[PDB]
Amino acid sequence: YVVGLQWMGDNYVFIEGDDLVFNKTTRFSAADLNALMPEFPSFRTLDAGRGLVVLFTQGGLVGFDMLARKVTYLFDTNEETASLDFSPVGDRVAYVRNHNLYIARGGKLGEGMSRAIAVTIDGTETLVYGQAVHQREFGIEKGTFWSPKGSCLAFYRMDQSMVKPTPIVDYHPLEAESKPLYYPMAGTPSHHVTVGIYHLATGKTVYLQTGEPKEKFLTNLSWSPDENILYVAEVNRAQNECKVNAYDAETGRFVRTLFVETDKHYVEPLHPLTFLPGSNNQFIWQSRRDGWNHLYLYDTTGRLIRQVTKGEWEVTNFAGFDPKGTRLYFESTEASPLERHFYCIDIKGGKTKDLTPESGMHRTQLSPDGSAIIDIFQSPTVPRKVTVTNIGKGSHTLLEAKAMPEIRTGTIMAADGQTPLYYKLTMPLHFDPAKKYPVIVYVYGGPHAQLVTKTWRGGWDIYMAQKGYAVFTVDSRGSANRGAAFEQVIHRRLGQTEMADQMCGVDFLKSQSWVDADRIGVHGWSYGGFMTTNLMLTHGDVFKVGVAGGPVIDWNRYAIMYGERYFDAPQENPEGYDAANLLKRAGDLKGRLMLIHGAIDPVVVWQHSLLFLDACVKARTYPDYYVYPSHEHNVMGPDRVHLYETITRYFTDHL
């Protein structure tokens, strides 16, 4: 590891416990910095180009210019840190505190402080401001969006007063305390999001006139460079139409629909418009419309200039432009879906140039000037290789790293007999081919994830293998980075294809002489917990033992914005929902299955596993259980040791 490796101006920078080291060598010490403070530490980089960061300290935030080596501003956000969103000007920060949105202005060293401005005053339990909405679907990670010159702050306003909440119970007080979680379930009334724009110069707020239906999803907010227009990708409840619309930032009025995308199954916008350098009129839009995620060049009237990238592979990260905006830089699966390389392509399209040719996983940062890249590489044979490259040519290696369980990899055919699936197999520690071994299928299988890549490597497979158990994983159809067709086969039919493909994995395991076919188990979390449970109920003669963590059990109880994409609405798809409703098949549990839930899980509500145990009571079947009362969806931190030991012992006891 090379702590905090990143660009600052035209220098690449990393920490050495005490120093921050710059190269294009200069060195900046924690004591040098400490001397400059008002009253090597951790920081958040605000502006890589300018090397502007913020330092989290006792009594407030200190902005710091690492290139000038000078304090910029002190910020007082009343101890709020989670929702911090600094203006691109660097001298103001937005945050949410006790339900409301505020802007705090930075104070110059010893020039006194100003009281923060309240953008909103009526925030409440059912009226949420400046936070993520739509259950963080559609790439939404926050609810504040500064205009690029800092003149305005756009923000979400989510009225969830029509959403029927779920109790989230804190068991630690003397008497347990419940708080409502406004988690909108499939087929129910959604929340109503609108977008406000607060104009800093006048203190006026205008709301975008997004109109009806009020449930429409307002995603990928993207400001025009000149701050006159705020663009929004609006998605309908069916999730088969996305309209990219322009709104006037001064009045909130609708201006025009630039373009509309539609899909047989679903459209899923995940990334904002990105304007070309120096341009207010041209932008890149990511779209999976042709079956593969690609980069499209548009003007602001909505006219498509050209598809810039194309091929039966997907762009997985858009990194930006050359200064002239004549080239695009991005990460993609072009080399292989099991790999990630960094590429250059002419804005006019045509041939990609792979800038990180070595076979495996590259994670790459383009410098602020667009002239160089930091590259961090790993492969099954290479633990870590850190390169810095002046784009054509001159690569400089900065770092290279050099009984454990054997990992085997390969391909099997999916249940269609045509589609190749990639698998990884962690062999028992000290594996002996003369011996028979139990094996656990570790499954996820849900959209957006891909578990099998050409990496060096959260190590539960290795722990299990150390206890003498092989662990097998296969990326079944439904999984990611293989194009839309490979994913969308699951539409309206969750579990069906996924399980058919996982059984192809089992066919492969049973073809291995060293596999004890009577000692096959299964483990997964979330979609993986749904899959674990579904496989035990559906293939109960095969799967002897399973452990299902935070499992989805009834998709009618999953959040609207995720579940209705892949499954449609419960009213539109009773047959598909019914087939995946594991409560209806609890009587088919004939093996040993432990369900595990964090009690305060806001992703898969606790009710899922509790109702399964309830269904098993009625059906006279006999699962086991563990609850982590202090944890949300996943068990995080040191308690993860307890989790691994609980899961592992369940398998060593019963499988």
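We number the residues from 1 along the sequence you see.
A chain break between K402 and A403 is present, corresponding to 4 to 9 residues of the deposited sequence without coordinates.
Stretches 26-34 and 604-612 differ in mean C-alpha B factor, with the higher average recorded for 26-34. The stretch with the higher mean CA B factor, choosing between 336-344 and 263-271, is 336-344.
When the Cα B-factors of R115, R493, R303, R253 are read from the PDB record, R115 comes out highest. For the set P629, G587, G59, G591, the PDB entry assigns the largest Cα B-factor to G59. Annotation for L20: C-alpha temperature factor in the highest third relative to the rest of the modelled chain, per the entry. Ranked against the other modelled residues of its chain, the C-alpha B-factor of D170 as given in the entry falls in the lowest third.
In the deposited entry, the Cα temperature factor of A619 places it in the middle third of its chain's modelled residues.
In the PDB entry, a CA B factor belonging to the highest third of its chain's modelled residues is recorded for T77. Ranked within its chain, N634 lands in the middle third, by CA B factor from the PDB record.
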